[PDB]
Amino acid sequence: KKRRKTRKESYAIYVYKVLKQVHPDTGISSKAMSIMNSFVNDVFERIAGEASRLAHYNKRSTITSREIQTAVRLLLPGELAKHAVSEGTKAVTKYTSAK
Amino acid sequence: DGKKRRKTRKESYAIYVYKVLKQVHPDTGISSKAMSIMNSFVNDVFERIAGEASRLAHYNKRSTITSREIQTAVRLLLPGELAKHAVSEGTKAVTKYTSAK
Amino acid sequence: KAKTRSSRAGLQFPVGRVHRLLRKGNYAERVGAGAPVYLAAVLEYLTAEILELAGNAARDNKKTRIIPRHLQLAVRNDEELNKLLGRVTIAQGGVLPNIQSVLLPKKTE
Amino acid sequence: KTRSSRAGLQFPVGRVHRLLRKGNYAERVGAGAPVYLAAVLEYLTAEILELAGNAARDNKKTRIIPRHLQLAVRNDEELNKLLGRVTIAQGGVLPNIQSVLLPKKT
Amino acid sequence: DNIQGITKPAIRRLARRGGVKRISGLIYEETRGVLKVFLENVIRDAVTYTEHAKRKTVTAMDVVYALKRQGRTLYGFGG
Amino acid sequence: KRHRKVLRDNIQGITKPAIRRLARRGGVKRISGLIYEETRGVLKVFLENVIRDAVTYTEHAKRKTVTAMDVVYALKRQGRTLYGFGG
Amino acid sequence: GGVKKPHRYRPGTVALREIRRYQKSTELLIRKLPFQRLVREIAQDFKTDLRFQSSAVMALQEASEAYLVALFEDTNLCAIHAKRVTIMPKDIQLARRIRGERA
Amino acid sequence: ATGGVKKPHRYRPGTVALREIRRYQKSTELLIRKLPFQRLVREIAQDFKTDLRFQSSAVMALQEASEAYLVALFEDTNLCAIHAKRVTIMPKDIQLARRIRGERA
DNA sequence: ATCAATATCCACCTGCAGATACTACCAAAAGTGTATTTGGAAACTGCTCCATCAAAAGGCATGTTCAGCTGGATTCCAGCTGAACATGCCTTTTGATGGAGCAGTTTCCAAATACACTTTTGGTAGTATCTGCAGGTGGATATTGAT
DNA sequence: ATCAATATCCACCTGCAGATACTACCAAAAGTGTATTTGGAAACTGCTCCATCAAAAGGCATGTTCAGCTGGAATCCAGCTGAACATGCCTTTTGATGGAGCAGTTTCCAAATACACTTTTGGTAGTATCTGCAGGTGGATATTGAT
Ligand SMILES: [Mn+2]
């Protein structure tokens, strides 16, 4: 049964996960979910892109994790940026000290 | 008494401009700044055409940009009359390169 | 497999899928090892950030489940997200309740 | 024989090719692609000088400069919308003065 | 009617959401013009996307890809 | 042999006559008393803005100098793309 | 005939009341048919004999409508700036220009 | 005879402005003086980041950019007074020109 | 201040559009050891380019007085517009069939590309002499402005 | 309508930085030619949802009377704001010395790539109970706007 099975992969299952890790009793409609899936794709491409250009001005080819730091730094407003950089240096150090 | 630790080449279109200039005006010059503006003109229009086709392909799962994507870009990216003549001018160049050899 | 790279970083955002999306889009020749972790993390948080306020927004309007209207109200009422979505239109979002003050009854008050 | 000649153009048909690879706009580059491009780029270059060249004759100068280019670009419907977020470096501004700012009725 | 298909009260309804008390008479036409500019502009881009993927049908992605590059990005339809 | 004195309140180096000329060219006739102050601020943000990007770049490929090209990205990337100074 | 002074809500009040009503609600304020007609009438001139996935037309209806709304706040602001409270087309024309449309 | 104002030449209020609205428009030099607009590109920086330095020609680019702007922010702001049936630019003008641009709210 | 005259907002009611719970499903997406490839990091250094001086001037900004008239406030009043009310046409939509066409799947070669030579060129360097026009002077005609 | 009193054009002129010009090497890039790989057109048909039919139903639009006031226009006085005129300062200018700090070439390995190969799981596809809530009903009473 693989015919109409061209995978429409999303973040919905991951969006709901994080939905609960803060508001466990609150739900999310499919319409509002879609927005929340438009958002992640959006915020991805930008940071991704701003880092895609960032290598090239420097004559580099490897998009290291540093690229992302700046990409986000350049991209994200005031305080809302100071936090992101943190949480993303948090997760990287965890992975660096992993199996 | 020449050359210092080979400086990287700053390869501009300064010459391809001037060559395509003298065609339009045989007896008109151009400054550095006059010029230096035109280079980033080229430079700028590039990034956009390419990039817009880059998008077209990724909305089509195409891992390649053909001259048909470049066209679609040009046709999206440029305003009206500027589009047509470029579209045609473009094909004309392809046409000639798929009729030699 | 043994332990997901997601949980090896401690997240709910696929530190695997990112790494593919970054390779399929052609952003660079070589995506680093840290890159998709960082990127996923950063995304994850921002999505937590909205939802937080998007939960609260509904809880003001006596509701349990989130509608688009709960996103739009969440977003604009907050300065730094408003700028981050400064030029985005959420479908069926609506608009914040505001009326110009010169239009108040009895001359201007 | 060169790929410019091969296609008729003046704009480096090989050099635009590279920059479509080094950029990573997509993975694989076509054959028409880099040709079809160096056509556009050239045409435009060509367009904006049949303008900024005449610009120059209008004020009796005979060497193009940035300012001529601003008249060119700005006095021209399409180019202007192509260059709405561009900034011509020392290219003044189209002469213009609004109506209600003129002194009359003695 | 088409462009006359958009109604004076609907315009008043869309204007009210903007936060407008008093709507002058000419507005209704001017707006109907303003509305066409937008649309022509979007669809032209959208349709150009359709025509690339060799299709006789405008997808709701043709529209996003269009509304995006226009400069008016729309969340809620992207997949 | 180094110099470097305190650098304060230099928005004043943007002076009323010049804040006039900008406004002359603007195509502008009668300059109210305040504009002079409102603009200077209006200019800070802009500079302020283009600069914490111009730098965020320099700060990156490990440099201590902001270049022509450095700015250009900080312009473009904000929708103010300038031709002339390069790239 | 005669009516013995009935109720006639003072003008602008039913208007200023509708403002509150519509800002609080979110439903698309254009009849869907005439819209789906105007969408079909324009695109024909770009390509003849086409189709619109019902979402796409609404996607557009969310965009077109939501544009206007914002554009109307800019107008009203422009208007009030002339010390007025009635939006004339002379207002819209400034808002479009500044934004860079007529520009 | 006692009756005829004075004689010293005085150009009416506004007909030097037009003479200038005419002039700067004509050409192209930057209307802000270098050194003083320098110290502000130095100064706004060191306030983000100290020990940093600029290229002779970045500060020459940060000008023609932040310049241009005003002269075109002002362009938009003339337009606005004129629309309030005026001929004077008052701060509220700019602030409306900024808002609608999307520079504010 | 009074009180009808209507629109507003709260608890309480029930039904279904629409979110949730369960299994079978399967390509493909991802993690895991292997073997190879080189990006970029380093340390050293040639070398352009910026900070910094210095000393001399001269257009340029400062402040100041003075008075032309634009902005702002006042009264006003004509006609545009909101209100409301009567029709009454036009959208709604559901409820479900042909049938396009998107979208899926097996083909198969023309087209990309990675591969190693070979010819060419366009950029820096170097030196060297032109030539377009800022720029400064002067004298004719235009604009503005008090009679 | 002049007549003085200014800036404004326009012409002629020079001084020289900024143009254009040859020689020269030359590392990289462009092209040529082969083997080798493969992305996507080429065409066939399965079904998801698009289009017009049907056909009520009344919600929502269109024309119409009335008069409330909002826009604009017409007059008038404060004092803002430009014009000008005297001075004097700090930018500008043209040049010269470190030398900071950028960049280009040599070396080497951690990390990243392609790859054969085992496994997990997110999307599909029905199938079926669950469920917060969108509209219905009081009956309150707040906001409106007449008295
Ligand atoms: Mn400081």
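Along the chain as shown, residues are numbered 1 onward.
Cβ from N, Cα, C; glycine included.
According to DSSP, G:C78 (S-palmitoyl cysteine) sits within a helical segment. Other Cβ atoms within 10 Å of the Cβ of G:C78 (S-palmitoyl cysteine), summed over all protein chains shown, number 25. Swiss-Prot lists G:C78 with the feature S-palmitoyl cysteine, giving similarity to another entry as the kind of evidence.
Annotated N6-methyllysine per Swiss-Prot: G:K4 (among others), in sequence order, evidence recorded as similarity to another entry. Annotation for G:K4 (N6-methyllysine): no same-chain Cβ neighbours under 8 Å separated by at least 6 residues are found.
The annotation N6,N6-dimethyllysine is assigned in Swiss-Prot to G:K4 (among others).
Annotation comment: Swiss-Prot describes G:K4 (among others) as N6-(2-hydroxyisobutyryl)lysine.
Cβ neighbours within 10 Å of G:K24 (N6-crotonyllysine), excluding its own Cβ and spanning all shown chains: 12. DSSP assigns G:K24 (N6-crotonyllysine) to a helical segment in the three-state reduction. Taken from Swiss-Prot, the feature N6-crotonyllysine applies to G:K24.
What Swiss-Prot lists as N6,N6,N6-trimethyllysine is G:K24 (among others).
Remark: G:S25 (phosphoserine) has no non-local neighbours by Cβ distance under 8 Å and separation of at least 6 in sequence. The phosphoserine annotation in Swiss-Prot covers G:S25 (among others) and is backed by similarity to another entry.
Listed in sequence order, G:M58, G:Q61 are the same-chain residues at least 6 apart in sequence whose CB falls under 8 Å from the CB of G:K32 (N6-(2-hydroxyisobutyryl)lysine). Per Swiss-Prot, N6-(2-hydroxyisobutyryl)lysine is recorded for G:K32 (among others), and the stated evidence type is similarity to another entry.
In the three-state DSSP reading, G:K47 (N6-glutaryllysine) counts as coil. Swiss-Prot lists G:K47 (among others) with the feature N6-glutaryllysine, giving similarity to another entry as the kind of evidence.
Feature annotation from Swiss-Prot assigns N6-methyllysine to G:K47 (among others); the stated evidence is similarity to another entry.
Positions annotated as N6-lactoyllysine by Swiss-Prot, on the basis of similarity to another entry: G:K47 (among others).
The phosphothreonine annotation in Swiss-Prot covers G:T48 (among others) and is backed by similarity to another entry. G:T48 (phosphothreonine) has a Cβ environment of 8 other Cβ atoms inside 10 Å.
Annotation comment: Swiss-Prot describes G:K83 (among others) as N6-glutaryllysine. In this view, G:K83 (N6-glutaryllysine) is surrounded by 9 other Cβ atoms within 10 Å of its Cβ, with every protein chain counted.
Neighbour density for G:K47 (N6-glutaryllysine): within 10 A of its CB lie 15 other CB atoms from the protein chains shown. Secondary structure from DSSP puts G:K4 (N6-methyllysine) in coil. Distance between Cα atoms for G:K47 (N6-glutaryllysine) and G:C78 (S-palmitoyl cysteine): 38 Å, as a whole number. Checking the modified residues G:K24, G:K32, G:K47, G:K83 against chain C with a Cβ-Cβ cut-off of under 8 Å leaves G:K24. G:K83 (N6-glutaryllysine) falls within neither a helix nor a strand when secondary structure is assigned with DSSP, and so counts as coil.
Using a cut-off of under 8 A between C-beta atoms, the modified residues G:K4, G:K32, G:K47, G:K83 that neighbour chain E are G:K47.
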